[PDB]
2 protein chains.
Amino acid sequence: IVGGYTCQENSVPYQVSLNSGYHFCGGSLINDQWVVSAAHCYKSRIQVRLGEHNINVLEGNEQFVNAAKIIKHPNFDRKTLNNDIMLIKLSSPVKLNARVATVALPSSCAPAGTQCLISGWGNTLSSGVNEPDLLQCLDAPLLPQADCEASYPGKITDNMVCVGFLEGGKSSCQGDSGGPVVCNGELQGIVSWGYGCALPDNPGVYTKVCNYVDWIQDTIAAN
Amino acid sequence: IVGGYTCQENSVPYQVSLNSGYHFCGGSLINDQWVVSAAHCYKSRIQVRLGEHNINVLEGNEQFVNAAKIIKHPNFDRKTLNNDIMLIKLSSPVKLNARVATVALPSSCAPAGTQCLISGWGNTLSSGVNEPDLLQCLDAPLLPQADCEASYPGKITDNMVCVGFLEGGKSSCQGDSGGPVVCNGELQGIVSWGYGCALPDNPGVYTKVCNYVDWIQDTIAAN
Ligand SMILES: [Ca+2]
Ligand SMILES: [Ca+2]
C-alpha cells in the first residue's frame with residue numbers, strides 16, 4: 001500500500017499471510033479453520049501465518065499452519081479475474097485470541113460512500129520496489145459503480161467493486177493481493193486487481209464478497 | 001520483467017540504473033554525458049550507475065556519476081503520463097567502452113510487428129514481490145495501435161505505443177520503469193505504464209520516442 005500508515009500492533013487480528021518460502025498474498029480468517037483469499041493467489045503448497053505484525057521477525061504471538069485443502073471458485077476466470085475468490089482449509093484449528101481473531105461475512109452489500117480499511121504487506125513505493133516489514137493500513141471509501149466503470153471501461157462485472165481515490169496517490173498494490181477490505185465490521189472485498197502503486201491516482205478493483213456468502217457457507221459445510 | 005530471461009553479462013551496454021539509496025528506475029545512455037528516462041522517475045538527487053549486471057555486487061566494470069541537471073519534458077502530464085520523457089546531464093563524461101556504450105535515436109517510427117528488447121531490474125513475480133540482482137531481458141513485438149486502445153480505452157495518445165503480449169504471462173513491471181526498449185538498433189520506447197506484473201496478459205504502454213528526436217537534440221545543444 002502506498003500513501004498509507006503503519007497499522008497499530010495487532011489492530012487487524014483477522015489478517016493472515018500466505019507464504020510459500022516468501023510472503024506473496026494476504027487473506028482473512030473467517031473461522032478457526034478456514035481462510036478466504038483471492039483465487040489468483042493459488043499455489044499447490046501454502047503455509048498460513050497468523051498473528052503477525054513484523055513479517056520478518058518472530059514476535060512470539062504467531063501461529064503457522066499448513067493448508068490441508070485449497071478450493072478455488074469453480075467459475076474463476078484467469079483472464080478477467082472474474083469470481084476471483086478462493087477458500088483455504090487449515091490442517092489444524094488455530095487458537096483464537098486477541099492477536100488472532102476472525103471477521104464477519106457481509107449481511108448485505110455495502111452502499112457507495114461506505115468507509116473501509118485495507119491492510120497488507122504489499123509494495124509501498126510509486127517508483128521502485130519496497131516490501132515493508134510492518135503491516136500497512138489505508139482508509140478508503142467505496143466509489144459508485146459509475147466511477148468504477150470510468151477508470152476500467154467495459155471491464156467491470158457484477159462481482160467486482162471499486163474502492164480508492166482518483167487523486168492523492170494512495171492505493172493498494174501487489175503484495176496486498178488477496179488481503180481483506182473491512183467496512184462496518186464486515187468483510188466486503190478482497191484485493192483483486194488495479195493499476196496499483198504505479199498509478200496511485202486511480203481506484204482499485206476488489207471482489208464483491210456479498211455475492212458469495214451462500215457459496216462460502218455451503219463449501220465450509222461439505223468439506 | 002515477468003516470464004523473461006537473465007540477459008547475457010553486459011549484452012545491454014546502454015542500460016543504466018537510477019539510484020537514490022536504492023534502485024528505482026532504469027534509463028538509457030545516449031552520449032557520454034546524457035541519459036534518457038521517464039519523467040515520472042524524476043527525483044531531486046539521482047546517481048546514475050553504469051556498466052552493471054549484478055546490481056547488488058561490485059563486478060569491476062562499473063561507473064557511478066551524479067546528475068548535474070535533470071530536465072523533464074515541459075508538457076509532462078502526471079495524470080495521464082503523456083509526454084513521459086526526461087533527460088539527465090551527468091556531472092562528468094563517462095568513459096565509454098565495451099561494458100558502457102550508447103544507443104541510437106530513431107531515424108523513423110517503428111511499424112507494428114517489429115521485434116524489440118526490453119531490459120530492467122524490475123519486479124519478476126505476478127504474485128508477491130521480487131527484485132532480481134541480474135538484469136532481466138524480454139523480447140516482445142510492437143503492437144498495432146488498435147490492440148492498445150482495446151486494453152486501455154480512451155487513454156492512448158499519439159505519444160504512446162504498445163509493446164507486449166495478450167497472453168503468455170510476460171510483461172514489464174515496476175522497477176523496469178524508464179527502462180530502454182530497443183528495436184532495430186534504435187531506442188523506440190521508454191517503459192512508462194501499464195498493468196505490469198499483476199496482469200501480465202496485457203500489453204504495456206511506452207513513450208513513443210520517435211516523436212521527440214528534435215526536442216532531445218535542441219535540449220542537448222542548449223545545455
Ligand atoms: Ca512475525
Ligand atoms: Ca554491480
Side-chain angles (χ1 to χ4, degrees), chain A residues 127-129, chain B residues 1-2 4-38 41 43 45-71 85-107 115-124 130-140 163 172-191 206-207 209 213 216 220:
Chain A
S127 287
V129 186
Chain B
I1 293 173
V2 234
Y5 55 96
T6 301
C7 309
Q8 295 206 238
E9 189 175 311
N10 282 95
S11 51
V12 193
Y14 43 82
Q15 170 91 219
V16 310
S17 185
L18 272 36
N19 177 116
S20 187
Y22 61 113
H23 160 82
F24 70 98
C25 279
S28 301
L29 195 66
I30 57 172
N31 62 51
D32 68 345
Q33 198 166 10
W34 294 84
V35 171
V36 63
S37 185
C41 284
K43 296 213 175 158
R45 294 298 169 188
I46 297 170
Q47 169 184 262
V48 183
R49 307 195 143 192
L50 310 95
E52 215 146 22
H53 185 67
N54 184 333
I55 210 165
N56 299 110
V57 171
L58 277 79
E59 289 139 274
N61 38 255
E62 298 124 323
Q63 293 187 73
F64 299 161
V65 201
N66 286 332
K69 187 163 188 172
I70 311 170
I71 304 180
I85 179 174
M86 154 191 66
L87 292 178
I88 296 168
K89 187 168 180 189
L90 307 176
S91 278
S92 265
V94 296
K95 297 313 162 207
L96 297 166
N97 51 59
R99 316 281 200 162
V100 180
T102 60
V103 69
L105 295 191
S107 312
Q115 280 288 139
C116 313
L117 175 76
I118 308 166
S119 39
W121 289 270
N123 188 14
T124 49
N130 185 269
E131 188 185 87
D133 300 354
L134 311 169
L135 183 58
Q136 292 301 90
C137 273
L138 177 60
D139 311 280
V163 187
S172 290
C173 306
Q174 218 171 300
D176 293 328
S177 302
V181 166
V182 186
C183 316
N184 274 351
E186 300 180 308
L187 181 66
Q188 284 289 335
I190 304 173
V191 186
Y206 311 76
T207 320
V209 177
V213 189
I216 303 176
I220 294 179

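Side chains are part of it too, since the values below use all heavy atoms of this structure and drop only hydrogens, waters and symmetry mates. Here is how names work: the chains are called A, B, and so on, in the same order as the sequence lines, proteins then strands, and each is numbered from 1.
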>> Under a 3.5 Å cutoff, is there a donor and acceptor pairing between the side chains of B:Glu52 and B:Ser17?
In response: no

> For B:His23 and B:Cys25, which heavy atoms make the closest approach, and how far apart are they?
Replying inline: CE1-O, 3.0 Å

>> If we ignore hydrogens and angles and just use 3.5 Å, is the side chain of B:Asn123 paired with the main-chain N or O of B:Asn130 as donor and acceptor?
In response: yes

>> For a quick test of reading the model, state the closest non-hydrogen atom pair linking B:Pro13 to B:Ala98 and the distance between them.
In response: CB-O, 3.8 Å

> Where do B:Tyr206 and B:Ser172 come nearest, in terms of heavy atoms and distance?
Replying inline: OH-OG, 3.1 Å

> Does the pair B:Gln63 and B:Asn97 meet the rule for a side chain to side chain contact (heavy atoms under 4.5 Å, CB included), with working shown?
Replying inline: CA-CA 11 Å; B:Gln63 293 187 73; B:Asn97 51 59; 4.3 Å; yes

> B:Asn31 side chain to B:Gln33 main-chain N or O, any donor-acceptor pair under 3.5 Å?
Replying inline: yes

> Within a strict 4.5 Å, meaning less than it, do heavy atoms of the B:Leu117 and B:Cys137 side chains meet?
Replying inline: yes

> From B:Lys95 NZ over to B:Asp32 CG, what is the distance, rounded to the nearest 0.5 angstrom?
Replying inline: 7.0 Å

> Can you name the nearest heavy-atom pair linking B:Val2 to B:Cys173, along with the distance?
Replying inline: CG2-SG, 3.1 Å

> Just by distance, do the side chain of B:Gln136 and the backbone of B:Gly120 share a donor-acceptor pair under 3.5 Å?
Replying inline: no

>> Looking at B:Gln115 and B:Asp139, would you say the former's side chain and the latter's main chain have a donor-acceptor pair under 3.5 Å?
In response: no

> With a 4.5 Å heavy-atom cut-off, do B:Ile220 and B:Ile30 have their side chains touching?
Replying inline: yes

> Can you find a pair of side-chain heavy atoms, one from B:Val100 and one from B:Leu29, that are under 4.5 Å apart?
Replying inline: yes

>> Quick check: closest heavy atoms across B:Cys116 and B:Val181, and the distance to 0.1 Å?
In response: CB-CG1, 4.3 Å

> Within the side chain of B:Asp133, is there an N or O that forms a donor-acceptor pair under 3.5 Å with the backbone of B:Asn56?
Replying inline: no

>> So, taking the atom named CG in B:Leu134 and the one named SG in B:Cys7, what distance separates them when rounded to the nearest 0.5 Å?
In response: 9.0 Å

>> So, taking the atom named OG1 in B:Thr207 and the one named CG in B:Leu187, what distance separates them when rounded to the nearest 0.5 Å?
In response: 9.5 Å

>> If we ignore hydrogens and angles and just use 3.5 Å, is the side chain of B:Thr102 paired with the main-chain N or O of B:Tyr14 as donor and acceptor?
In response: no

> Where do B:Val16 and B:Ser28 come nearest, in terms of heavy atoms and distance?
Replying inline: CG2-N, 4.1 Å

> Roughly how far apart are B:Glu9 CD and B:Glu59 CD, rounded to 0.5 Å?
Replying inline: 6.5 Å

>> Does either side chain, that of B:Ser20 or that of B:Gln47, offer a donor lying less than 3.5 Å from an acceptor on the other one?
In response: no

>> Within the structure provided, determine whether B:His53 and B:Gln15 are in side-chain contact (heavy-atom separation under 4.5 Å).
In response: no

> What distance separates B:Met86 CE from B:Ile70 CD1, expressed to the nearest 0.5 Å?
Replying inline: 6.5 Å

> Is there a donor-acceptor pair under 3.5 Å between the side chain of B:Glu62 and the backbone N or O of B:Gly60?
Replying inline: yes

> Checking side chain to side chain contact (heavy atoms under 4.5 Å, CB included) against B:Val182, which of B:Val12, B:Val103, B:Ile118 comes through?
Replying inline: B:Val103

> Of B:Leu18, B:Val65, B:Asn66, which is the lone residue that meets side chain to side chain contact (heavy atoms under 4.5 Å, CB included) with B:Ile88?
Replying inline: B:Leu18

> To the nearest 0.5 Å, how far apart are CG in B:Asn10 and CG in B:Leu135?
Replying inline: 9.5 Å

